[PDB]
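Right, one structure below, let's go through it.
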Amino acid sequence: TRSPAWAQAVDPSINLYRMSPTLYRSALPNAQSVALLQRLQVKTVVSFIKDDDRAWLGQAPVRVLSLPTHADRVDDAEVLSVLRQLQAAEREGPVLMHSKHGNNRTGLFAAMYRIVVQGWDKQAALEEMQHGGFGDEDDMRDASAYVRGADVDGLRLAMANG
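Counting in the entry's author numbering, the sequence shown runs from 34 upward without gaps.
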């Protein structure tokens with residue numbers, strides 16, 4: 034992230050980056066991350082894996098939105114459902130979305146947010162996904178594969194409908 038438009042680093046230990054005052058991406062957080070998440074005033078923690086975040090969250094007054102998935106199985110239908118739930122969660126306050134390593138599944142949905150919601154073109158979002166410090170491209174084969182060949186116009190159109 035040297036382009037100021039890319040996600041800014043907050044906590045590289047858990048791969049935590051800021052996309053906006055109301056949206057954060059990261060890897061799997063722990064008990065030590067709770068304090069920081071409350072500074073950022075996170076109200077919703079979206080997870081793309083099965084690990085019950087309520088375990089490390091403790092009695093933190095945040096909503097848990099579990100959306101467990103597999104990057105090699107995601108399609109346009111799942112993406113739209115996630116983007117809608119992310120947007121709705123943003124209206125309630127700042128949101129953290131995460132996975133195991135926060136560069137494949139997270140990198141996929143992050144890039145799609147850039148394209149569908151913020152109106153970035155496909156390659157711009159890709160350049161932030163593969164380069165930006167989230168990981169190396171070997172970790173993102175599934176994510177990279179989907180972003181390419183994804184009908185961005187059909188996604189934006191279907192998004193504008195609902």
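Cβ coordinates follow ideal geometry from the N, Cα and C atoms, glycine included.
CB contact flag (residue i, residue j, <9 Å)
{"i": "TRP89", "j": "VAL67", "result": "yes"}
{"i": "residue 196", "j": "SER99", "result": "Not covered by the structure: residue 196. The range shown for the chain is 34 to 195."}
{"i": "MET130", "j": "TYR57", "result": "yes"}
{"i": "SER59", "j": "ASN48", "result": "yes"}
{"i": "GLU123", "j": "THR34", "result": "no"}
{"i": "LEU73", "j": "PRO62", "result": "no"}
{"i": "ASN137", "j": "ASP172", "result": "yes"}
{"i": "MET192", "j": "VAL128", "result": "no"}
{"i": "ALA143", "j": "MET52", "result": "yes"}
Local conformation of residue i per DSSP, three classes
{"i": "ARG174", "result": "helix"}
{"i": "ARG35", "result": "coil"}
{"i": "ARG106", "result": "coil"}
{"i": "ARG181", "result": "coil"}
{"i": "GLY195", "result": "coil"}
Nearest to residue i (by Cα), restricted to the options the options
{"i": "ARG174", "options": "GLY140, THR102, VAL149 and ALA158", "result": "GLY140"}
{"i": "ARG117", "options": "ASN194, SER36 and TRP39", "result": "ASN194"}
{"i": "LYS83", "options": "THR55, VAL97 and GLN92", "result": "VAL97"}
{"i": "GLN41", "options": "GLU170, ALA178, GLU161 and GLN151", "result": "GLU161"}
{"i": "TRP153", "options": "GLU170, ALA176 and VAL180", "result": "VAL180"}
{"i": "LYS76", "options": "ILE148, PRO101 and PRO94", "result": "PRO94"}
{"i": "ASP186", "options": "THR102, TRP39 and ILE148", "result": "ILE148"}
{"i": "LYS133", "options": "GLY182, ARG106 and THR102", "result": "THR102"}
{"i": "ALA176", "options": "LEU190, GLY135 and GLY91", "result": "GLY135"}
{"i": "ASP105", "options": "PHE81, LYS155 and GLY126", "result": "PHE81"}
{"i": "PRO45", "options": "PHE167, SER53 and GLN156", "result": "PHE167"}
{"i": "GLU125", "options": "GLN65, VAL78, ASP169 and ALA178", "result": "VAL78"}
{"i": "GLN65", "options": "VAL115, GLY91, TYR50 and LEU119", "result": "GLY91"}
{"i": "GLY182", "options": "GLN156, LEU190 and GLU170", "result": "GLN156"}
{"i": "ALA38", "options": "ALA158, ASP169, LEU188 and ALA178", "result": "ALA158"}
{"i": "residue 13", "options": "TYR50, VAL43 and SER114", "result": "Look at the range of the chain in this structure, 34 to 195, and you will see that residue 13 is not part of it."}
Strand pairing of residue i, partner residues [DSSP]
{"i": "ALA42", "result": "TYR50"}
is_contact[residue i, chain E] using C-beta, thresh 9 Å
{"i": "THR139", "result": "Included in the structure is just one protein chain, with no chain E present."}
### Task
Write down every uninterrupted run of the alpha helix (DSSP H) in the region 54 to 101 whose length is 4 residues or greater and which is fully enclosed by it, in chain order.
Secondary structure in the region 54 to 101: the alpha helix (DSSP H) runs of 4 residues or longer, each lying completely within the stretch, are 67 to 72 and 87 to 90 in chain order.
### Task
Quick one: which unbroken beta strand (DSSP E) runs of 3-plus residues sit fully inside the region 125 to 174? Chain order, please.
The qualifying runs are 128 to 131.
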